[PDB]
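Each remark here refers to the structure printed beneath this line.
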Amino acid sequence: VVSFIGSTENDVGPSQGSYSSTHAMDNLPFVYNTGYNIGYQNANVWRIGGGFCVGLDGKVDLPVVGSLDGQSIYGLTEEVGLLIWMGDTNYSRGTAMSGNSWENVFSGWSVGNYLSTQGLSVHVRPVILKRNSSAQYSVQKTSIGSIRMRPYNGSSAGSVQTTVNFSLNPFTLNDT
Ligand SMILES: CC(=O)N[C@@H]1[C@@H](O)[C@H](O[C@@H]2O[C@H](CO)[C@@H](O)[C@H](O)[C@H]2NC(C)=O)[C@@H](CO)O[C@H]1O
């Protein structure tokens, strides 16, 4: 059994976050290592129980403008892009996203003869694609994509909500 207990619209990263780096940035694309700072995490989005089996699919809607180490660089503006990870609750379990199709981002688990929950997480890292004289780049709130629970091994969502969405909070990049 399962029920939706989270939120449909979720903001990624703190509003007006400030991200800076002391790294030179001589060769692009340059990735800001913001760790999991620009992210959203919730260990409790659906409640499940009684042998329910569920995993997660993820989908990014931003245009793909290239890749880095087998993971797509999604474009936000001509100068800024993102690397994106979606997956189970723990940020560490994030699956590097590529493409714009629904992708398996959490292989899943089966809750035993008890009650528990299924959560999720998303984090992104900003990428400098093109130079700028101002050195500073501000990004506006922007839709990223979505995550959907994937019941398996017989389990079924029924009419319980399966998808939640994500928006990137605005932020600024400050190249020291
Ligand atoms: C080994 C272990 O702790 N197993 C169960 C946990 O998986 C379970 O936690 C839930 O795991 C899901 C899949 O990893 C997460 O999506 C979900 O957010 C997480 N929920 C919480 C509250 O941490 C816990 C809790 O029911 O029980 C264990 O038996």
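Counting from 1, the numbers follow the sequence of the chain as shown. No hydrogens, no waters, no symmetry mates; every other heavy atom, side chains included, goes into these values. Remember, it's 1-based here, ligands and their atoms both numbered in the order they're listed.
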Quick one: do the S92 and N90 side chains pair a donor with an acceptor below 3.5 Å?
no
Closest heavy-atom pair, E79 versus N132, reported as atoms and distance to 0.1 Å, is OE1-OD1, 3.4 Å
Which of parallel (below 30°), tilted (30 to 60°) and perpendicular (above 60°) describes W85 and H123?
parallel
Pick one of side chain, backbone, both or neither for how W109 approaches ligand 1, counting any non-hydrogen atom pair under 4.0 Å.
side chain
If we only consider heavy atoms of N90, is any one of them less than 4.0 Å away from an atom in ligand 1?
no
With a 3.5 Å cut-off and no angle check, do the side chains of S167 and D11 form a donor-acceptor pair?
no
Counting only heavy atoms not in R93, do more than 12 sit closer than 6.0 Å to its CZ atom?
no
Steps toward side-chain contact (heavy atoms from CB on, under 4.5 Å) verdict (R125, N33):
CA-CA 7 Å; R125 287 171 201 169; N33 189 67; 4.2 Å; yes
Below 4.0 angstrom from a heavy atom of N44, which ligand 1 atoms are there? Numbered from 1 as shown, please.
22 (C)
Please confirm whether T117 comes within less than 3.5 Å of ligand 1 when only nitrogen or oxygen atoms on both sides are compared.
yes
Does atom 29 (O) of ligand 1 have any protein heavy atom closer than 4.0 Å?
no
Output yes when a protein non-hydrogen atom is found under 4.0 Å of atom 14 (O) of ligand 1, and no otherwise.
yes
Going by distance alone, is a donor N or O of one side chain under 3.5 Å from an acceptor N or O of the other, for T8 and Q161?
yes
Should the heavy atoms of other residues, nucleotides or ligands under 6.0 Å from CD of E9 be counted, would the total exceed 12?
yes
Enumerated ligand 1 atoms positioned under 4.0 Å from heavy atoms of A43:
17 (C), 18 (O), 20 (N)
Atom 16 (O) of ligand 1 sits nearest the protein heavy atom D88 OD1, 2.7 Å
When only distance counts, is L115 in polar contact with ligand 1, meaning an N/O pair under 3.5 Å?
no
Counting from 1 in the order shown, the ligand 1 atoms closer than 4.0 Å to a non-hydrogen atom of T89 are 15 (C), 16 (O), 17 (C), 18 (O)
Do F106 and ligand 1 have an N or O pair less than 3.5 Å apart?
no
So for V111 against ligand 1, with non-hydrogen atoms under 4.0 Å, the contacting part is neither
So ring-ring contact (aromatic ring centres under 6.0 Å, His included) across residues 150-169, not counting sequence neighbours, yields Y40-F166
For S116, atoms of ligand 1 separated by under 4.0 Å from a heavy atom
8 (C), 25 (C), 26 (O)
Check whether any protein heavy atom sits under 4.0 Å from atom 1 (C) of ligand 1.
no
